[PDB]
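K.L.:
Provided hereafter are the protein sequence and its experimental coordinates.
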Amino acid sequence: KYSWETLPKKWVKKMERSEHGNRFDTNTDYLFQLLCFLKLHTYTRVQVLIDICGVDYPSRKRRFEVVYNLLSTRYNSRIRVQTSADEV
Amino acid sequence: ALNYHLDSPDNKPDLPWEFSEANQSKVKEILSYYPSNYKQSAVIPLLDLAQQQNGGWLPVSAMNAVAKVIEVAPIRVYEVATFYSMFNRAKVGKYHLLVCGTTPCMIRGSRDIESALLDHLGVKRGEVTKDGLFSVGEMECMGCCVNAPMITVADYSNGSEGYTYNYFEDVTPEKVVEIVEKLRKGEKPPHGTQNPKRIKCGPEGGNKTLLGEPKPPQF
Amino acid sequence: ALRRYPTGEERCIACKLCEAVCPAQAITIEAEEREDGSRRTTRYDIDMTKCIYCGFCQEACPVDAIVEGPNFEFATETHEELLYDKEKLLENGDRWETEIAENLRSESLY
Amino acid sequence: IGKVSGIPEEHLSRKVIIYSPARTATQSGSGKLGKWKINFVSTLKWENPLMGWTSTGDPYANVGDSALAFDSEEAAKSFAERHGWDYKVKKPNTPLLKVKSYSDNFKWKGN
Amino acid sequence: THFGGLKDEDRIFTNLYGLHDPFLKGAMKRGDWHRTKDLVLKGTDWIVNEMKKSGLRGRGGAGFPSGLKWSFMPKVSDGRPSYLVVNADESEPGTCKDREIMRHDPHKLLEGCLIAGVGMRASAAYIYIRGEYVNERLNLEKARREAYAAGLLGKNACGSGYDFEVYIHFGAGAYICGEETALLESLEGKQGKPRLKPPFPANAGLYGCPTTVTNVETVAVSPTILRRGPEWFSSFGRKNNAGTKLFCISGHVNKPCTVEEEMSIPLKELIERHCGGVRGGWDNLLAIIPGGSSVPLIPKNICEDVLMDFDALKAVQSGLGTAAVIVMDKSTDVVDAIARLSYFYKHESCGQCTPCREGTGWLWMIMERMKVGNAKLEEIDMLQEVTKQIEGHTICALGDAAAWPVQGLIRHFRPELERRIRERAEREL
Amino acid sequence: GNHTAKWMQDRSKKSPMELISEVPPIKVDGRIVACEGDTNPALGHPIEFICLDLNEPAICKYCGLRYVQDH
Amino acid sequence: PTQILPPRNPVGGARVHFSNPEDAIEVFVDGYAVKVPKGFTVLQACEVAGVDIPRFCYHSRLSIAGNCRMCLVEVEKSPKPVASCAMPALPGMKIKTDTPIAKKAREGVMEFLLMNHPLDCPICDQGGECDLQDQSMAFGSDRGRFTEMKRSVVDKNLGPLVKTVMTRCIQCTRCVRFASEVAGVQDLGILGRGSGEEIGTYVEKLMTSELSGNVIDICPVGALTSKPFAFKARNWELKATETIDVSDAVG
Amino acid sequence: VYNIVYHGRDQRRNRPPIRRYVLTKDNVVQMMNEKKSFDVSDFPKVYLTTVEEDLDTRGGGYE
Ligand SMILES: Cc1cc2nc3c(=O)[nH]c(=O)nc-3n(C[C@H](O)[C@H](O)[C@H](O)COP(=O)(O)O)c2cc1C
Ligand code: SF4
Ligand code: SF4
Ligand code: SF4
Ligand code: SF4
Ligand code: SF4
Ligand code: FES
Ligand code: FES
Ligand SMILES: [Zn+2]
């Protein structure tokens, strides 16, 4: 995927998937910075925050997982940047 | 054939049953074959002895007595009595004509054997005749195969003494009805091949191989 | 409506599949081996108010014991009546059987 | 993280039991083991006198079993200690895989 | 070479047809018990070695190389008295070759019990007579009482220093009890339900004591194999398969007979020579079940030039079991015959394991439908798949023995099955 | 009955237990019956094969119908 | 390439009891080595590997049996699928539990079991908690080709505790082993042969033994069910608490 | 209908397992050095969609 080559490696910190919709499980600090990327970028133009799905994993240490969906009306693709932030 | 027990005045675990004399000795011998422990090994011969002694079928009292003689829980004796086919658990009359029914008999007219025997006797398949004498029972391969159609009688008249499990082989409908009438008349028909011109298990035109007088070959 | 077999005998053997499949958990089923020996539901109470009328119970029931009668006209003055009692008011499907049996005889092809 | 969680005060003095549900003895299958669950005792369930059905009053009636299942005693204890519950962890009793073989049924009783 | 011709001085089972006295004073004249004292004194390793050198293979369905089987028994006895169960019980459909050894020269069987016992370090032989062989086991108990009175068996093996006693067990009408791992149990007193193979009978079989189950024909040719030449024995049959099998030409032959004849014999040659011929001429043949009933069919187009030896009949997509050749001519309903075979395997299946216990009743139901034509043209592929679901999965080879007749019937006479099905279809509408 | 006295308070319409205990047992031929349901195998219960080896009638658990051997 | 393999801990946290740390046999369960003590059946050598092999009659407390072939894993160099319950793990043995031959063997057997089995699942007391239902819905085929007359069996009277519906029973022999061995009373039996196999006392004989109500938990099928718990509830309604008992002092 | 083999037809469980492998700094610096240039066709294609006036020409108003 083109988006992973250009993206600074540090921004896609923890995880990265390759099916059922691709995701960049990033870190909470680099999130809005990562959302700044993929938008206002010529080859990755999302512009459309479809959804922000809170997901709660009680057995994790970072309980929640704020799943930002993102559609790219230009390139017709959908990326799901995620995070992980506990209750506080 | 039920694989469980339905009480009856003839057959119930209340009735006292035990090996008669001239059979206690056979019990002792049969148990002598197998070791002191593992005497459970003698449940097939003891059950067959009880079946011969009680005129052809195994009452639950008989299985309980075999269990007492053999020292295992009666369930193990019940398990073996319902498993093996030769052990009749309901009365099969005095003779229980067993006509084989496997393919090497079926292709050689054994279905006709059984149908002729049945319509002559007048029982469905395994029901005992109103005379209490005869009963027909299908049995799988009886070993008598080259002797193409066969019928095994189980003479239960006397009991453990006149108990003859004769093989009437190479039979035909006429031969079968003749055997049944000669059996109801009391006498014992000659077993073996009911078809002369062949010796036992022979090629039907006189054997073609075993002709020379036997002798020690060159060792 | 809880259906019945043509020869009386409530069709509802208490498997509890409809109590399980129910999305709103309207059906409360308690089962007891009746004296005849065949299982039956001592309590079969559908709470119509807590019920979404999705027909999942009609699909889940193995013997077609619970079916939805085309009634749809049972507006009740009081809420307690709207909670359909254990196998007594759902047993009024015997009146609707003439139409329920027709609908089932015509839908069973699907 | 008990006070910020909005849970009422009277339900943070609750006494829970962090067990691991044993295998359902009826079915010999381990596909539901290793899922540690907090067990809010939640014993108070009367019978609503109008209809035959029951009627709990404790909010934590079902969530102990339903939808709140961790994957390790450490995560479950961390959870029940964040929220300030008095957890008593009940360890799971695990089976010994004792060595056994077929040829032991046909053992010889010497004589 | 060209096999088949066995001269009357080369037949091992003399007095097969019971023409001469079976017991002693009639067996010593036929060479039985001739010099077994020397053989026992020649040792156990020599007996096993000569049996392996003679290339004697299993006379029973397994077809295993005997001798090599006898070398499986433990050498040093660890307290468990090694037994020797003789598989007299057959119950295979078509097979009477055992019935002509239990009676009609049983002393060969008793001397073979003794010679194999000293061969495999045994301590007692349990001749598991088939239950229905009442007259046969009476003759055999007569011969056993004789060989006991003549000091042959019991507390001194034919005057030698070997303590060996033959006990005669008899089952009760169960083909399943005949299996090697089920003989041990049906003789242990329990039901005739096979045990799984990981405990092998040579390691923990009868009473947990080691043992090897041998068909009467293999144990009974053992004496004459040793007294005659192991080179003489192996001089018959093809290279691997060697010996003189005891055949049983069973059905639809104008002269059905069991006759001993050299292995690797052309099936057609055996039929045309000894038992006469296929009823109505060879061109009237429909199919042949060459082994017992545990073996697929032979559709008469690969039955002309097939040899009655283990290897060739295995290479013809079949098996030589007890060599109880069942012949079927164009007049029989071959699907009905195989339906009755599957009924047999449904009846005589001790039901211990699910693939056989259930799938055999299933095979019987499908065969009793296809013999009328009540099935669908794709069931003939279900039947193949059902049989292949039964085959490899059952505890004992009875699962095989029940999937093989139907598999062979399909593989060969699929035209006839399909014809019956289409004729049923056109009978409707 | 007593079980039927828990859900039915009418006590004038015959209790289903009696409605099924008053229907006669159905004669059959073999040793196994079908009882697919009323008549239509798709409007009755899952087919329940009943054994008739016993002498007394063997009820179908789902429908209450009773079958006897009729030899 | 720096993968993250799952932990692969035993099937139920099962403590593996080495008789000594020297005789640990090393077998390959799906290409993942596991060190099992000497004598472990292939099934236990897989339960050490976290692989849950579907078993109908193999109870760890009870004896080992082949009354059905639901396990049939394919070891490397055997001609036929070996029953995992009785095959002792040999050092170096390669067990493939999910190879197409193993899965086809499992589907085959779960079709035979559901072939003569009655459609009693709705009226079966153990409808939700059933090994047969949960192995058919997980390893057995989605469809059944058997459309004929299933065999049926009368219901034996086994007392006021164990309600018996032997038609459902699959004749895996687990109970007839439990009553002979653990309960030690020897009343149950596998009467008959073939499909006609019937489990229970040959004469009407209430299971006079205590400790013989556990045959219901032993039973992988509804057949043997608690008659007191006749039908009163379902496997899903019941909220379970891991309480103890106070009747007898064994606790 | 008469071929009920399932593991071939299976969809729920007949899938390749999740391969979650870790990347350490060495791997990604290797990949960044390997990516020499972003030549065209290493770029995501645009979903080109323009608007075009049409009154009833598709089929003639009859579908
Ligand atoms: C399906 C099956 C059929 C068998 N049939 C026979 C038989 O007809 N006669 C017999 O003696 N043993 C029979 N056996 C037992 C063994 O296969 C084998 O014949 C015997 O244990 C040893 O014979 P052998 O030493 O000649 O190989 C059968 C076993 C199986 C599994
Ligand atoms: S339609 Fe049936 S299953 Fe659905 S909520 Fe209503 S009662 Fe429950
Ligand atoms: S209505 Fe249907 S699902 Fe509900 S208990 Fe009755 S039979 Fe079972
Ligand atoms: S079911 Fe078949 S394979 Fe299994 S023990 Fe019985 S006869 Fe042998
Ligand atoms: S045991 Fe009962 S619930 Fe399980 S499959 Fe059999 S009938 Fe259905
Ligand atoms: S009754 Fe239950 S435990 Fe006993 S054999 Fe049948 S299914 Fe197995
Ligand atoms: S045909 Fe097998 S014994 Fe008569
Ligand atoms: S349980 Fe292991 S194969 Fe039957
Ligand atoms: Zn019914």
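P.N.:
That came through, no problem. Numbering: from 1, shown residues only, chains lettered A, B, ... in the order given. Ligands and ions are numbered 1, 2, ... in the order given.
K.L.:
The residue nearest to the spatial centre of chain H and residue A:75, how far apart?
P.N.:
Chain H has residue H:44 as the residue nearest its centroid, 11.5 Å off, counting by Cα atoms, centre = their mean. Distance of residue H:44 to residue A:75, given as Cβ to Cβ, to the nearest Å: 5 Å. Just so you know, the C-beta spots here come from the backbone N, C-alpha and C atoms, and that holds for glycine as well.
K.L.:
who touches both of the two?
P.N.:
The overlap between the contact sets of residue H:44 and residue A:75 (Cβ atoms under 8 Å, 6 or more residues apart in numbering or on different chains) consists of A:43-44.
K.L.:
Thought residue A:42 was touching the residue nearest to the centre of chain H, still the case?
P.N.:
No - at 10.2 Å, residue H:44 does not count as touching residue A:42 under the criterion of Cβ atoms under 8 Å.
K.L.:
residues near residue C:76, how many?
P.N.:
Residues lying near residue C:76 (other Cβ atoms under 10 Å in any protein chain shown) number 12.
K.L.:
now swap in residue G:86 and tell me
P.N.:
25.
K.L.:
Also the one 10 residues further on?
P.N.:
By other Cβ under 10 Å, 17 other residues sit near residue G:96.
K.L.:
next one: residue C:86
P.N.:
Close neighbours of residue C:86, defined as other Cβ under 10 Å, add up to 24.
K.L.:
Now do the helices in chain D.
P.N.:
D:73-82 (DSSP state H).
K.L.:
what about the strands in it?
P.N.:
D:16-19, D:37-40, D:45-47, D:54-56, D:96-97 (DSSP state E).
K.L.:
How about the contacts made by the residue nearest to the centre of chain H?
P.N.:
Residue H:44 neighbours (Cβ under 8 Å, 6+ apart): A:2-3, A:43-44, A:75, A:77.
K.L.:
which SS class is it?
P.N.:
coil (DSSP: H, G, I helix; E, B strand; the rest coil).
K.L.:
Torsion angles phi and psi at it?
P.N.:
Torsion angles at residue H:44 (phi, psi; degrees, to the nearest 10) stand at phi -70, psi 130.
K.L.:
Repeat that for residue G:123.
P.N.:
Dihedral pair for residue G:123: phi -90, psi 0, per degrees, to the nearest 10.
K.L.:
need the contact list for it.
P.N.:
C:13, C:15, C:39, F:61-62.
K.L.:
taking the contacts of residue H:44 one by one, which sit in helices?
P.N.:
Short answer: these in helices (DSSP H) are A:2-3.
K.L.:
Need the residues that contact stretch D:55-66.
P.N.:
Residues from elsewhere that reach stretch D:55-66 (Cβ under 8 Å, 6+ apart): D:11, D:14, D:16, D:37-40, D:42, D:44-48, G:239.
K.L.:
Which SSE is immediately downstream of the longest helix anywhere in chain F?
P.N.:
Counting residues, the longest helix in chain F under DSSP H turns out to be helix F:16-21. Using DSSP states H and E, the helix or strand that follows helix F:16-21 in sequence is strand F:26-27.
K.L.:
Are that following strand and chain C in contact anywhere?
P.N.:
No - contact of strand F:26-27 with chain C (Cβ under 8 Å from any Cβ of the partner chain) is absent, the minimum separation being 10.7 Å.
K.L.:
how about the helix or strand harbouring residue B:80, does it get close to chain G?
P.N.:
Taking DSSP H and E as the definition, residue B:80 sits inside helix B:74-83. Yes - interface with chain G: helix B:74-83 contributes B:74-76, B:78-79, B:81-83 (Cβ under 8 Å from any Cβ).
K.L.:
In a markdown table: those residues, plus distance to residue E:24 and neighbour count.
P.N.:
Formatted as a markdown table, these follow (distance: Cβ to Cβ, whole Å; neighbours: other Cβ atoms under 10 Å in any protein chain shown):
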| residue | distance to residue E:24 | neighbour count |
| --- | --- | --- |
| B:74 | 42 | 24 |
| B:75 | 44 | 25 |
| B:76 | 39 | 20 |
| B:78 | 41 | 26 |
| B:79 | 40 | 26 |
| B:81 | 37 | 26 |
| B:82 | 40 | 27 |
| B:83 | 37 | 28 |
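K.L.:
Show me the helices in the stretch 51-200 of chain G, by range?
P.N.:
G:100-113, G:131-136, G:174-180 (DSSP state H, counting those that start in this stretch).
K.L.:
Now residue B:219: closest residue in space that isn't a chain neighbour?
P.N.:
Distance criterion Cβ to Cβ, 6 or more residues apart in numbering or on different chains; nearest residue to residue B:219, sequence neighbours excluded, is residue E:227 at 4.7 Å.
K.L.:
now the one you found: how far from ligand 2?
P.N.:
Distance of residue E:227 to ligand 2, computed by Cβ to the nearest ligand atom, to the nearest Å: 84 Å.
K.L.:
List the contacts of the closest residue to ligand 8 within chain G.
P.N.:
For chain G and ligand 8, the shortest gap (Cβ to the nearest ligand atom) falls at residue G:85, measuring 2.6 Å. Counting by Cβ under 8 Å, 6+ apart, residue G:85 touches D:102, G:41-43, G:55, G:57-58, G:64-66, G:71.
K.L.:
so which of those residues are also by ligand 6?
P.N.:
Of the entries in these, none also sits close to ligand 6 under the rule Cβ under 6 Å from any ligand atom.
K.L.:
which one among these gets closest to ligand 9?
P.N.:
Set against ligand 9, the nearest of these by Cβ to the ion is residue G:57 (30.4 Å).
K.L.:
so how far is stretch G:31-46 off the chain centroid?
P.N.:
Remark: stretch G:31-46 is offset 19 Å from the chain centroid, using Cα atoms, centre = their mean, to the nearest Å.
K.L.:
Likewise for stretch B:145-161?
P.N.:
6 Å.
K.L.:
Is any residue of that stretch near ligand 1?
P.N.:
No - judged by Cβ under 6 Å from any ligand atom, stretch B:145-161 stays clear of ligand 1, getting no closer than 11.2 Å.
K.L.:
that older thread, quick check: the two most widely separated of the contacts of residue G:123?
P.N.:
C:15 and F:61 (11.3 Å; Cβ to Cβ).
K.L.:
between the two, who's got more neighbours?
P.N.:
Using other Cβ under 10 Å, the more surrounded residue of residue C:15 and residue F:61 is residue C:15, with 26 against 22.
K.L.:
any idea how far residue E:92 is from residue E:252?
P.N.:
Distance, residue E:92 to residue E:252, by Cβ to Cβ: 18 Å.
K.L.:
Residue B:175 now?
P.N.:
19 Å.
K.L.:
Counting neighbours, go ahead and name the busier of the two.
P.N.:
For residue B:175 versus residue E:252, the count of surrounding residues by other Cβ under 10 Å is larger for residue E:252: 26 against 19.
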